[PDB]
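Colleague: Below is the structure I would like to discuss, written out as structure tokens.
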Amino acid sequence: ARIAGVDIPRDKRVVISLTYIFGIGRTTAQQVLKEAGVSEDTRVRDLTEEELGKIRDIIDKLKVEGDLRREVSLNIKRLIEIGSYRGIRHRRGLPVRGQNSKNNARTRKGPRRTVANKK
Amino acid sequence: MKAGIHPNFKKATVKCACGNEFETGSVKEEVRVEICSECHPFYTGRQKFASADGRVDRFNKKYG
Amino acid sequence: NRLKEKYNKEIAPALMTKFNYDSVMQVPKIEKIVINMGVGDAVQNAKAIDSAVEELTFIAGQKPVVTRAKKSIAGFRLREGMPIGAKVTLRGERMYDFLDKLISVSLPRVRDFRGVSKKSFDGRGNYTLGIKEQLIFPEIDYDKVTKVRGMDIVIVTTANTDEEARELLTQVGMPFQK
Amino acid sequence: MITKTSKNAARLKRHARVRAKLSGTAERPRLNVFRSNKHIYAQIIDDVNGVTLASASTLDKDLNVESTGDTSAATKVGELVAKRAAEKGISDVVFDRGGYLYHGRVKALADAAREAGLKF
RNA sequence: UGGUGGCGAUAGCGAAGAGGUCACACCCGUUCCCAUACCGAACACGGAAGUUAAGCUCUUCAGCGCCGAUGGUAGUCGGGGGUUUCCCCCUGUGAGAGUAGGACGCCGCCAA
RNA sequence: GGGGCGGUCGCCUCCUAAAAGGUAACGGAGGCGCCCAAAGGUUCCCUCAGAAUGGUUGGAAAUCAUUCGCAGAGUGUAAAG
RNA sequence: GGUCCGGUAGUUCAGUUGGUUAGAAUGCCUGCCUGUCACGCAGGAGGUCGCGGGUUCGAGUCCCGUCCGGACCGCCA
RNA sequence: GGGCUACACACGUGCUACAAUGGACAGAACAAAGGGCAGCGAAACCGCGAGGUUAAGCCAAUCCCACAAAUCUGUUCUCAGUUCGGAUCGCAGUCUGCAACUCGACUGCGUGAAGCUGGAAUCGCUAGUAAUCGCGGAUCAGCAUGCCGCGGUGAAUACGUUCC
């Protein structure tokens, strides 16, 4: 479990079912299915005994789950050892793309708490 | 071997999507298997599979 | 039994030429595998630790036995009684019927895994390995178990030294990270 | 890497604990048993002198099982031990189970001796 | 060479050499008896393919453990005398500790 | 070691008690008015604590494999044996 | 000097006996209420249990020692 | 060259959502007003897209910016951190500009925070108003969730002056 992207779900149509794969998104799924000719097909999981394999190969050409996590990880590790400034933003809790800090930007900062008063 | 505690083990028929088969033993009469050592890229020598590691690093960026 | 015949014809003769042996006949041999559960309870009230015990019957046909604690722990439950985890000691023809499933099927199935075990050797002989998914074992259904429970394997080598114990494993086809 | 105790010295500890259970000697001979992998030797010794009053074995030029070393054939030898003892008028010997479990086929050797007239 | 005993690790650990045709073993099987909080590992049974590698016994080793004097002192016995929260001499006792040395075993029975 | 006040009054372990035993003080350290139908009886088996190494969620420790372990354990409860 | 009772949020008191767990008021902090404060409303943090040991699986709790704060005695010639 | 964009946090004010009156896909259909020559730039072609190549027309009731969006019609998902939402970030491109690190915009791909309607408290609005959907302009090399306008769809309630 499973034949291609590991741990694809069940009782869902195949396109959203492999969008869950850490790699393929929506439009990429539209492309791999355009190569497939499945036409959707199948709402549940019942494709075909061999077609599941040929799709397994095309998905195999795409790459790849936790190694793709290793891509981003090795990339940011490349972005910290380089100096730096971008990875510096990655670990300050500072947003990296460049969008102030005086308000909001809590996506990294977190909620609580507060430690100031006047007067 | 205690009686009735241990499930019966009929001769297994391991199978795979690549058509590879293996003769073992299991509770089930037949066992389809998604992945085998003869199909997995690591056990099968050093197949490119999808990588092609290190392409490209740490630098190869030029355009004219 | 195919794995069992394999070292009787292929591995042993190659192993014999790799280095000298006293009294010719001597050769390292697999002894017992010990599979650990651990479970972790969290906390004591599983409530059914036995439900995990049933799950291990699938990974191996030998009946699991719960490991009652012989010591109390201040940090976690419990004083003696109310057993934690389970243990299995498969042997004989079961040994290679299980190992054949390990190389051919179990380990490759894992996502991030490509190879392990470098410093893992004791320097004496015994091999050790960790197992973090029931998806790793083909016989288990995905619908069962739901929440993940941990697993272990400990191959034993007759050889008195790890240098011999390692070389025996390599010819078995056991993966290494290198 | 494993080095389990050999199937011998561990038995002697199991044998020695049995020794406390009965003195054996009292002008009444005891009957020790040793199950070698091929066959079982049998002997009779009494304190203080330590003299072996009688002895017999499955391995001898006399008598052929002929298969030897298994099942009921041992009973013919176990009965033979009493026949040697019978010449001495011996006796009512205590049995020495050793570290081995009492069920068989060592038990079968004890059974034939009772048929041979030994009192135990 | 195997089994089974008695003598206080002077019978031991460790290290280095030796052995097996018979005997002792590992070893090979789980259909039966018996089995295993589970397991032919162990425990039981029935088999001779493989060898001593281990176990088992022989040959060496004072590195460790052990045994251990002779001789001296401490202490003390019966006495006595002083500088008496103790000390000193007489008589008879005699340690420890260390050393010299011993030692990696003998005495039996049964079977071949 | 005047009385009063305080504390104590019985049983059990060690030391003080001086290499039989005994042996005092308001001497020195501790426990007990229980507990268990099993932790009893018998039979058949097994050997600890702690350490090192390897290991999934296991961290200084729950679990498991291994060399080390003459007992550094356990022996219902407290000490000696 | 001799006994007895206590030491816990910043403060004032529970929780201790019943052994595996720390609460309340006030104060403090945040947001409201009002043109200003208080008051009021709605949220939030904060104690390691005086210290040093022991017993136990595990001690705020039990058993001791110790440092402090109190409450009783300290008399008869 | 920096900084005016700081960052443990508080507050004011907007935007987007927390979804089946919905999401996604396909088809079909109705605007107004404004801007444009150092400009708007059609059509044709190249690129998945952004844009680029090239170039007609227009000093404009002619032509261009420009396609209106909600909606309607069907297909599909069937109640969940979801085909809900899009955050954050990675990679690869693109427009403007000597020059996009600080500190620009946009696109493709990938990653898929929080949030399942919000305490105390508080604001707007009596009809084409509130509700909501798109468009244009001033600003302007580039940068508009802000501001100023344009039109589409389009309600509920008003007993009354007890009380603020």
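Residue numbers (PDB author numbering), protein chains in the order written: chain AM, 2 to 120; chain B3, 1 to 64; chain BG, 2 to 179; chain BR, 1 to 120.
By construction, the Cβ of each residue, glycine as well, lies at the ideal position given by its N, Cα and C atoms.
So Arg-167 (chain BG) packs on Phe-114 (chain BG), CB below 8 Å; how close in whole Å?
Modeller: Rounded, the Cβ-Cβ distance is 19 Å, inconsistent with contact.
Colleague: Hey, how far is the Cα of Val-18 (chain BR) from the Cα of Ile-31 (chain BG)?
Modeller: Pairing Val-18 (chain BR) with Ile-31 (chain BG), the inter-Cα distance amounts to about 36 Å.
Colleague: Would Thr-90 (chain BG) and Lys-33 (chain BG) be called neighbours here (beta carbons separated by less than 7 Å)?
Modeller: yes
Colleague: Using a Cβ cut-off of 7 Å, pull out every chain AM residue sitting near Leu-136 (chain BG), in sequence order please.
Modeller: Result: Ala-2.
Colleague: Quick one: does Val-7 (chain AM) have its CB under 7 Å from some CB of chain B3?
Modeller: no
Colleague: Please report whether the beta-carbon of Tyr-8 (chain BG) lies at a distance below 7 Å from any beta-carbon of chain AM.
Modeller: no
Colleague: In chain BG, what lies closer than 9 Å to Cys-36 (chain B3) by C-beta?
Modeller: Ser-105, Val-106 and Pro-109
Colleague: Can you give the beta carbon distance from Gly-116 (chain BG) to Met-38 (chain BG), rounded, assuming they're within the 8 Å contact cut?
Modeller: Going by Cβ atoms, the distance from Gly-116 (chain BG) to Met-38 (chain BG) rounds to 25 Å, so no, they are not a contact pair.
Colleague: With 7 Å as the threshold, decide whether the Cβ of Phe-49 (chain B3) is near any Cβ in chain BG.
Modeller: no
Colleague: So, are the CB atoms of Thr-43 (chain AM) and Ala-30 (chain AM) less than 7 Å apart?
Modeller: no
Colleague: Once the 5 residues before and after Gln-172 (chain BG) are set aside, which same chain residues still bring their CB inside 7 Å of it?
Modeller: So the qualifying residues of the chain are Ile-12, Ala-15 and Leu-16.
Colleague: Since I believe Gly-6 (chain AM) is in contact with residue 1 (chain AM) (beta carbons under 8 Å), could you give me their beta-carbon distance rounded to a whole number of angstroms?
Modeller: Beyond the ends of chain AM as shown, which are 2 and 120, falls residue 1 (chain AM); an answer cannot be given.
Colleague: What's the call for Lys-102 (chain BG), buried or exposed, on a 16-neighbour Cβ count within 10 Å?
Modeller: buried
Colleague: Would you list the residues sitting across from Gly-45 (chain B3) in a DSSP beta bridge?
Modeller: For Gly-45 (chain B3), which the question treats as bridged, DSSP gives no partner whatsoever.
Colleague: Taking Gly-88 (chain AM) as part of the alpha helix (DSSP H), name the residues at either end of that continuous run.
Modeller: 87-93
Colleague: From the DSSP output, in three-state form, read off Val-117 (chain BG) for me.
Modeller: coil
Colleague: Threshold first: 4 residues or longer. Then list the alpha helix (DSSP H) segments lying entirely within the stretch 14-101 of chain BR, N to C.
Modeller: 73-88
Colleague: Comparing alpha-carbon positions, which option in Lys-179 (chain BG), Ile-50 (chain BG) and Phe-20 (chain BG) lies nearest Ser-118 (chain BG)?
Modeller: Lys-179 (chain BG)
Colleague: Given a limit of 7 Å on CB to CB distance, which residues of the stretch 60-75 of chain AM reach chain BG?
Modeller: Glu-66 and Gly-67
Colleague: Determine whether the beta carbon atoms of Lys-28 (chain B3) and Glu-21 (chain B3) lie at a separation below 7 Å.
Modeller: no
Colleague: Give the DSSP bridge partners of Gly-131 (chain BG), in chain order.
Modeller: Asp-153 (chain BG)
Colleague: Taking C-beta to C-beta, are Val-35 (chain BG) and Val-155 (chain BG) nearer than 7 Å?
Modeller: yes
Colleague: Just tell me which of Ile-35 (chain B3), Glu-23 (chain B3) and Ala-17 (chain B3) has its CA closest to the CA of residue 123 (chain AM).
Modeller: There is no way to answer for residue 123 (chain AM), as the model of chain AM reaches only from 2 to 120.
Colleague: State buried or exposed for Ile-83 (chain AM), treating a residue as buried only when at least 16 other CB atoms are found within 10 Å of its CB.
Modeller: exposed
Colleague: Between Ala-56 (chain BR) and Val-93 (chain BR), is the Cβ-Cβ spacing less than 7 Å?
Modeller: Pairing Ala-56 (chain BR) with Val-93 (chain BR) gives a Cβ-Cβ distance that is not under 7 Å.
Colleague: Quick one: what does DSSP say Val-45 (chain AM) is sitting in, helix, strand or coil?
Modeller: It is coil, neither helix nor strand.
Colleague: Is any beta-carbon of chain BR found at less than 7 Å from that of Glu-168 (chain BG)?
Modeller: Not one chain BR Cβ lies under 7 Å of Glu-168 (chain BG).
Colleague: For my contact list, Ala-42 (chain BR) and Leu-31 (chain BR) are in at a C-beta cut-off of 8 Å; report their separation, rounded to the angstrom.
Modeller: 7 Å
Colleague: Could you run through the stretch 39-62 of chain BR and flag, in chain order, every residue whose CB is less than 8 Å away from some CB of chain BG?
Modeller: none
Colleague: Please tell me whether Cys-39 (chain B3) and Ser-105 (chain BG) are closer than 7 Å, where the distance is taken between their beta carbons.
Modeller: no
Colleague: In chain BG, which residues lie with their C-beta within 8 Å of the C-beta of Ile-90 (chain BR)?
Modeller: Residues of chain BG passing the Cβ test: none, with the nearest at roughly 46 Å.
Colleague: Between the stretch 115-131 of chain BG and chain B3, which residues of the former have CB atoms less than 7 Å from a CB of the latter, in chain order?
Modeller: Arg-115 and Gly-116
Colleague: Helix, strand or coil: how does DSSP classify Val-33 (chain AM) here?
Modeller: helix
Colleague: Taking 6 Å as the limit between beta carbons, can you name the residues of its chain near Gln-47 (chain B3), skipping five residues before and five after?
Modeller: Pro-41
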